[PDB]
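Engineer:
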Amino acid sequence: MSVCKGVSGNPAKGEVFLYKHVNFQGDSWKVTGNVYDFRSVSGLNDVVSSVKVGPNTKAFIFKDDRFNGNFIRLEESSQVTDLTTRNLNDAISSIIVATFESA
Numbered sequence: 001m002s003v004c005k006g007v008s009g010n011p012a013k014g015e016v017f018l019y020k021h022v023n024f025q026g027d028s029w030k031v032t033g034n035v036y037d038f039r040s041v042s043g044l045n046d047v048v049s050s051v052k053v054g055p056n057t058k059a060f061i062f063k064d065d066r067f068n069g070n071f072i073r074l075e076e077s078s079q080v081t082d083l084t085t086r087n088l089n090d091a092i093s094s095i096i097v098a099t100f101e102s103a
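Counting in full-length UniProt numbering, the sequence shown runs from 1 upward without gaps.
1. Give every residue of the same chain whose Cβ lies closer than 6 Å to the Cβ of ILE96, excluding the five residues on either side of it in the sequence, and list them in chain order.
2. Whole beta strand (DSSP E) runs in the region 38-81 with 3 or more residues, listed along the chain?
3. Rounded to a whole number of angstroms, what is the C-alpha to C-alpha distance between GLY6 and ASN87?
4. In angstroms with no decimal places, state the Cα-to-Cα distance between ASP27 and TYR19.
5. Since I believe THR99 is in contact with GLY14 (beta carbons under 8 Å), could you give me their beta-carbon distance rounded to a whole number of angstroms?
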């Protein structure tokens, strides 16, 4: 499949809104599923710095290609305006959207 450019008011339920450049300074992408390695996504590769996770949701980003690197979970909404500490802003790696549910 592929990601869908053009976000809405606010992402929720396993929904995450990416934003080229940090501090939402650039186009915005809407992903309500899974998106690893965004090099050939048609307008997205490299452009990945500020992101916003919806509430009642759990976004897990995996530093480096989703195949290797590291993984982290983010319950409830969240605002990652900058990802330089994660791995140089822009070109994050992979982002997954999963709601909270019994183990």
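All C-beta atoms, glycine included, are put in the ideal place defined by N, C-alpha and C.
Structural biologist: So, to answer that:
1. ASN34, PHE60
2. 50-53, 57-63, 72-75, 78-80
3. 25 Å
4. 6 Å
5. 5 Å
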